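Source file: start_35.pdb; contents: PDB, C-alpha atoms.
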```pdb
ATOM      1  CA  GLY A   1      62.313  40.066  14.377  1.00  0.00           C
ATOM      2  CA  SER A   2      59.919  37.254  15.206  1.00  0.00           C
ATOM      3  CA  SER A   3      58.963  35.588  11.946  1.00  0.00           C
ATOM      4  CA  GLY A   4      56.139  33.226  11.068  1.00  0.00           C
ATOM      5  CA  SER A   5      52.801  33.346  12.850  1.00  0.00           C
ATOM      6  CA  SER A   6      53.531  30.760  15.515  1.00  0.00           C
ATOM      7  CA  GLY A   7      52.950  31.515  19.178  1.00  0.00           C
ATOM      8  CA  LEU A   8      50.401  32.455  21.814  1.00  0.00           C
ATOM      9  CA  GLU A   9      49.134  36.007  22.142  1.00  0.00           C
ATOM     10  CA  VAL A  10      48.902  37.632  25.553  1.00  0.00           C
ATOM     11  CA  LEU A  11      47.568  41.086  26.338  1.00  0.00           C
ATOM     12  CA  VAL A  12      48.325  43.156  29.415  1.00  0.00           C
ATOM     13  CA  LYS A  13      46.068  45.911  30.696  1.00  0.00           C
ATOM     14  CA  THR A  14      47.813  48.102  33.241  1.00  0.00           C
ATOM     15  CA  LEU A  15      46.131  50.444  35.695  1.00  0.00           C
ATOM     16  CA  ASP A  16      45.884  53.086  32.995  1.00  0.00           C
ATOM     17  CA  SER A  17      43.920  51.435  30.213  1.00  0.00           C
ATOM     18  CA  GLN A  18      46.905  50.244  28.214  1.00  0.00           C
ATOM     19  CA  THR A  19      46.488  46.885  26.520  1.00  0.00           C
ATOM     20  CA  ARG A  20      49.638  45.473  24.968  1.00  0.00           C
ATOM     21  CA  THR A  21      49.619  42.316  22.881  1.00  0.00           C
ATOM     22  CA  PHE A  22      52.501  39.921  23.414  1.00  0.00           C
ATOM     23  CA  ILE A  23      53.600  36.848  21.497  1.00  0.00           C
ATOM     24  CA  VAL A  24      55.355  34.324  23.706  1.00  0.00           C
ATOM     25  CA  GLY A  25      55.851  30.573  23.609  1.00  0.00           C
ATOM     26  CA  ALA A  26      52.783  28.807  24.947  1.00  0.00           C
ATOM     27  CA  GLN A  27      55.341  26.741  26.821  1.00  0.00           C
ATOM     28  CA  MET A  28      56.743  29.834  28.491  1.00  0.00           C
ATOM     29  CA  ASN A  29      55.813  30.207  32.141  1.00  0.00           C
ATOM     30  CA  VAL A  30      54.163  33.124  33.899  1.00  0.00           C
ATOM     31  CA  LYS A  31      57.441  34.154  35.487  1.00  0.00           C
ATOM     32  CA  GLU A  32      59.368  34.163  32.229  1.00  0.00           C
ATOM     33  CA  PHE A  33      56.590  36.052  30.485  1.00  0.00           C
ATOM     34  CA  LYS A  34      56.915  38.677  33.193  1.00  0.00           C
ATOM     35  CA  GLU A  35      60.618  38.907  32.446  1.00  0.00           C
ATOM     36  CA  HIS A  36      59.784  39.200  28.766  1.00  0.00           C
ATOM     37  CA  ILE A  37      57.220  41.965  29.088  1.00  0.00           C
ATOM     38  CA  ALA A  38      59.244  43.258  32.013  1.00  0.00           C
ATOM     39  CA  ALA A  39      61.167  44.994  29.253  1.00  0.00           C
ATOM     40  CA  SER A  40      58.173  46.689  27.676  1.00  0.00           C
ATOM     41  CA  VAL A  41      56.281  47.279  30.900  1.00  0.00           C
ATOM     42  CA  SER A  42      59.650  48.254  32.323  1.00  0.00           C
ATOM     43  CA  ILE A  43      58.603  46.537  35.530  1.00  0.00           C
ATOM     44  CA  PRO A  44      60.489  43.682  37.206  1.00  0.00           C
ATOM     45  CA  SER A  45      58.780  40.325  37.571  1.00  0.00           C
ATOM     46  CA  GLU A  46      59.260  40.394  41.323  1.00  0.00           C
ATOM     47  CA  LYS A  47      57.336  43.641  41.048  1.00  0.00           C
ATOM     48  CA  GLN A  48      54.897  42.315  38.474  1.00  0.00           C
ATOM     49  CA  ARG A  49      51.921  40.112  39.262  1.00  0.00           C
ATOM     50  CA  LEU A  50      49.705  38.934  36.429  1.00  0.00           C
ATOM     51  CA  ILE A  51      46.137  38.732  37.676  1.00  0.00           C
ATOM     52  CA  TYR A  52      43.231  37.038  35.941  1.00  0.00           C
ATOM     53  CA  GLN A  53      39.667  36.510  37.101  1.00  0.00           C
ATOM     54  CA  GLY A  54      40.716  38.121  40.363  1.00  0.00           C
ATOM     55  CA  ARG A  55      43.395  35.489  40.833  1.00  0.00           C
ATOM     56  CA  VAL A  56      47.164  35.745  41.060  1.00  0.00           C
ATOM     57  CA  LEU A  57      48.724  33.807  38.207  1.00  0.00           C
ATOM     58  CA  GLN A  58      51.321  31.432  39.601  1.00  0.00           C
ATOM     59  CA  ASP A  59      54.908  31.908  38.489  1.00  0.00           C
ATOM     60  CA  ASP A  60      55.574  28.208  38.045  1.00  0.00           C
ATOM     61  CA  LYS A  61      52.310  28.182  36.130  1.00  0.00           C
ATOM     62  CA  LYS A  62      52.215  28.950  32.425  1.00  0.00           C
ATOM     63  CA  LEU A  63      50.078  31.325  30.394  1.00  0.00           C
ATOM     64  CA  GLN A  64      48.607  28.568  28.257  1.00  0.00           C
ATOM     65  CA  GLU A  65      47.706  26.655  31.396  1.00  0.00           C
ATOM     66  CA  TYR A  66      45.436  29.543  32.307  1.00  0.00           C
ATOM     67  CA  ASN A  67      44.434  30.039  28.691  1.00  0.00           C
ATOM     68  CA  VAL A  68      45.156  33.753  28.573  1.00  0.00           C
ATOM     69  CA  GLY A  69      45.691  33.396  24.843  1.00  0.00           C
ATOM     70  CA  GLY A  70      44.560  36.597  23.169  1.00  0.00           C
ATOM     71  CA  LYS A  71      43.082  37.435  26.552  1.00  0.00           C
ATOM     72  CA  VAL A  72      43.578  40.612  28.549  1.00  0.00           C
ATOM     73  CA  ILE A  73      45.454  40.049  31.788  1.00  0.00           C
ATOM     74  CA  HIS A  74      45.647  42.488  34.675  1.00  0.00           C
ATOM     75  CA  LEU A  75      49.227  43.224  35.657  1.00  0.00           C
ATOM     76  CA  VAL A  76      49.896  45.090  38.881  1.00  0.00           C
ATOM     77  CA  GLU A  77      53.040  46.893  39.974  1.00  0.00           C
ATOM     78  CA  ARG A  78      54.155  46.572  43.577  1.00  0.00           C
ATOM     79  CA  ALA A  79      54.473  49.702  45.680  1.00  0.00           C
ATOM     80  CA  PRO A  80      52.542  52.899  44.926  1.00  0.00           C
ATOM     81  CA  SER A  81      53.151  53.865  41.316  1.00  0.00           C
ATOM     82  CA  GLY A  82      54.128  57.461  40.653  1.00  0.00           C
ATOM     83  CA  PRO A  83      51.736  59.862  38.911  1.00  0.00           C
ATOM     84  CA  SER A  84      54.265  61.940  37.011  1.00  0.00           C
ATOM     85  CA  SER A  85      56.771  59.165  36.420  1.00  0.00           C
ATOM     86  CA  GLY A  86      59.894  60.679  34.908  1.00  0.00           C
TER      87      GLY A  86
END
```

Would you write out, as C-alpha cells, the structure that this file holds?
Amino acid sequence: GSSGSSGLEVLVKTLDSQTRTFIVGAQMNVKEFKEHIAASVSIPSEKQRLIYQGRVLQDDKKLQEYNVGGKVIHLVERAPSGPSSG
C-alpha cells in the first residue's frame, strides 16, 4: 500500500547494523512510530527507545520535532537481547 510520495522518512539502526527506512506521518509522535515499527522490529514500544545524538527521544515528542527525517536513529531493546533468537 502507501501511495504517493508524501511523508517523512525515518531510519532505524539496531545493534546489529540493520538500517530500515520508514515512512510515517511527520505529525506522528515518537511513541506511535515505535508502535508502527514495533511490527517490523517486532519489539514493543515500552521495550523500544529511540535514541539520537546520545539522547532518549521523548514519547510525547515527535520525529519531525527532532528532525530525524531520512536520519538514522538508534533504537535499543530493553533487557539483554538473545544471540540465537528463535

For the contact check between segment 27-52 of chain A and segment 5-9 of chain A, emit one row per residue of segment 27-52 of chain A within 12 Å, containing the shortest atom pair and the distance in Å rounded to one decimal, counting only C-alpha atoms, chain then rising number order, as CSV.
```
residue,atom,partner,partner_atom,distance
A:27,CA,A:8,CA,9.1
A:28,CA,A:8,CA,9.6
A:29,CA,A:8,CA,11.9
A:33,CA,A:9,CA,11.2
```

Selection near residue 30 of chain A, 8 Å with all atoms listed in the file, sequence-local residues under 2 positions removed, as a list in words: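 The residues that qualify are residues 28, 32, 33, 34, 50, 57, 58, 59, 60, 61, 62 and 63 of chain A.
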
Answer key for the PyMOL selection byres ((chain A and resi 45) around 7), residues as a VMD selection string: chain A and resid 31 34 to 35 38 43 to 44 46 to 48

Output check: residues returned by the PyMOL selection byres ((chain A and resi 13-21) around 9), as a PyMOL selection string: chain A and resi 9-12+22-23+41+70-77

Coordinates-based distance that separates atom CA of residue 2 of chain A from atom CA of residue 52 of chain A (Å, one decimal):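 Separation between atom CA of residue 52 of chain A and atom CA of residue 2 of chain A: 26.6 Å.
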
Option closest in space to residue 51 of chain A, from A:85, A:37, A:79, A:68 [counting only C-alpha atoms]: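 Residue with the minimum atom-to-atom distance to residue 51 of chain A: A:68.
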
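Taking atom CA of residue 55 of chain A as the reference point, atom CA of residue 83 of chain A is found at 25.8 Å.
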
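Taking atom CA of residue 26 of chain A and atom CA of residue 64 of chain A as endpoints, the distance between them is 5.3 Å.
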
Could you give me segment 28-49 of chain A completed to N, CA, C and O atoms, formatted as an mmCIF file, keeping the file's coordinate frame?
```cif
data_model
loop_
_atom_site.group_PDB
_atom_site.id
_atom_site.type_symbol
_atom_site.label_atom_id
_atom_site.label_comp_id
_atom_site.auth_asym_id
_atom_site.auth_seq_id
_atom_site.Cartn_x
_atom_site.Cartn_y
_atom_site.Cartn_z
ATOM 1 N N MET A 28 56.267 28.847 27.537
ATOM 2 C CA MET A 28 56.743 29.834 28.491
ATOM 3 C C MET A 28 55.874 29.841 29.751
ATOM 4 O O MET A 28 54.678 29.566 29.686
ATOM 5 N N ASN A 29 56.512 30.160 30.868
ATOM 6 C CA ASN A 29 55.813 30.207 32.141
ATOM 7 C C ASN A 29 55.427 31.654 32.453
ATOM 8 O O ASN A 29 55.865 32.578 31.769
ATOM 9 N N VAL A 30 54.613 31.806 33.487
ATOM 10 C CA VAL A 30 54.163 33.124 33.899
ATOM 11 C C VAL A 30 55.379 33.990 34.234
ATOM 12 O O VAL A 30 55.508 35.107 33.733
ATOM 13 N N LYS A 31 56.240 33.444 35.079
ATOM 14 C CA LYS A 31 57.441 34.154 35.487
ATOM 15 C C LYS A 31 58.149 34.704 34.248
ATOM 16 O O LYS A 31 58.211 35.916 34.049
ATOM 17 N N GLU A 32 58.666 33.785 33.444
ATOM 18 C CA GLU A 32 59.368 34.163 32.229
ATOM 19 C C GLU A 32 58.641 35.316 31.533
ATOM 20 O O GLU A 32 59.207 36.394 31.357
ATOM 21 N N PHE A 33 57.399 35.049 31.158
ATOM 22 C CA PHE A 33 56.590 36.052 30.485
ATOM 23 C C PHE A 33 56.778 37.429 31.125
ATOM 24 O O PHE A 33 56.943 38.426 30.425
ATOM 25 N N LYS A 34 56.749 37.439 32.451
ATOM 26 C CA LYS A 34 56.915 38.677 33.193
ATOM 27 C C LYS A 34 58.264 39.303 32.837
ATOM 28 O O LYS A 34 58.357 40.513 32.631
ATOM 29 N N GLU A 35 59.278 38.452 32.774
ATOM 30 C CA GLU A 35 60.618 38.907 32.446
ATOM 31 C C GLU A 35 60.666 39.424 31.007
ATOM 32 O O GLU A 35 61.426 40.341 30.697
ATOM 33 N N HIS A 36 59.846 38.813 30.165
ATOM 34 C CA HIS A 36 59.784 39.200 28.766
ATOM 35 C C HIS A 36 59.162 40.592 28.645
ATOM 36 O O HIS A 36 59.787 41.514 28.124
ATOM 37 N N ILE A 37 57.935 40.701 29.135
ATOM 38 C CA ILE A 37 57.220 41.965 29.088
ATOM 39 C C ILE A 37 57.902 42.967 30.022
ATOM 40 O O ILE A 37 57.828 44.175 29.804
ATOM 41 N N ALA A 38 58.550 42.427 31.044
ATOM 42 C CA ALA A 38 59.244 43.258 32.013
ATOM 43 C C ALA A 38 60.004 44.365 31.278
ATOM 44 O O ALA A 38 60.182 45.459 31.810
ATOM 45 N N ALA A 39 60.431 44.041 30.066
ATOM 46 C CA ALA A 39 61.167 44.994 29.253
ATOM 47 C C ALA A 39 60.227 46.121 28.819
ATOM 48 O O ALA A 39 60.488 47.291 29.092
ATOM 49 N N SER A 40 59.153 45.728 28.150
ATOM 50 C CA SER A 40 58.173 46.689 27.676
ATOM 51 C C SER A 40 57.567 47.447 28.860
ATOM 52 O O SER A 40 57.708 48.665 28.959
ATOM 53 N N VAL A 41 56.908 46.694 29.728
ATOM 54 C CA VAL A 41 56.281 47.279 30.900
ATOM 55 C C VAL A 41 57.323 48.077 31.687
ATOM 56 O O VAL A 41 56.996 49.082 32.315
ATOM 57 N N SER A 42 58.557 47.598 31.625
ATOM 58 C CA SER A 42 59.650 48.254 32.323
ATOM 59 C C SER A 42 59.576 47.944 33.819
ATOM 60 O O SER A 42 60.232 48.600 34.626
ATOM 61 N N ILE A 43 58.771 46.943 34.145
ATOM 62 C CA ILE A 43 58.603 46.537 35.530
ATOM 63 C C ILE A 43 59.196 45.140 35.723
ATOM 64 O O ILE A 43 59.047 44.274 34.862
ATOM 65 N N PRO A 44 59.872 44.960 36.889
ATOM 66 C CA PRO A 44 60.489 43.682 37.206
ATOM 67 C C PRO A 44 59.435 42.653 37.618
ATOM 68 O O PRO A 44 58.436 43.000 38.248
ATOM 69 N N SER A 45 59.694 41.408 37.247
ATOM 70 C CA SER A 45 58.780 40.325 37.571
ATOM 71 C C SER A 45 58.419 40.371 39.057
ATOM 72 O O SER A 45 57.242 40.418 39.413
ATOM 73 N N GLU A 46 59.453 40.355 39.884
ATOM 74 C CA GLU A 46 59.260 40.394 41.323
ATOM 75 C C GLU A 46 58.292 41.518 41.699
ATOM 76 O O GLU A 46 57.653 41.466 42.749
ATOM 77 N N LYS A 47 58.215 42.507 40.821
ATOM 78 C CA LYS A 47 57.336 43.641 41.048
ATOM 79 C C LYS A 47 56.006 43.402 40.329
ATOM 80 O O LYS A 47 54.968 43.910 40.750
ATOM 81 N N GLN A 48 56.081 42.628 39.256
ATOM 82 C CA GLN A 48 54.897 42.315 38.474
ATOM 83 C C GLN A 48 54.041 41.275 39.201
ATOM 84 O O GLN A 48 54.474 40.694 40.195
ATOM 85 N N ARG A 49 52.842 41.072 38.676
ATOM 86 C CA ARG A 49 51.921 40.112 39.262
ATOM 87 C C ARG A 49 50.674 39.971 38.387
ATOM 88 O O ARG A 49 49.643 40.581 38.667
#
```
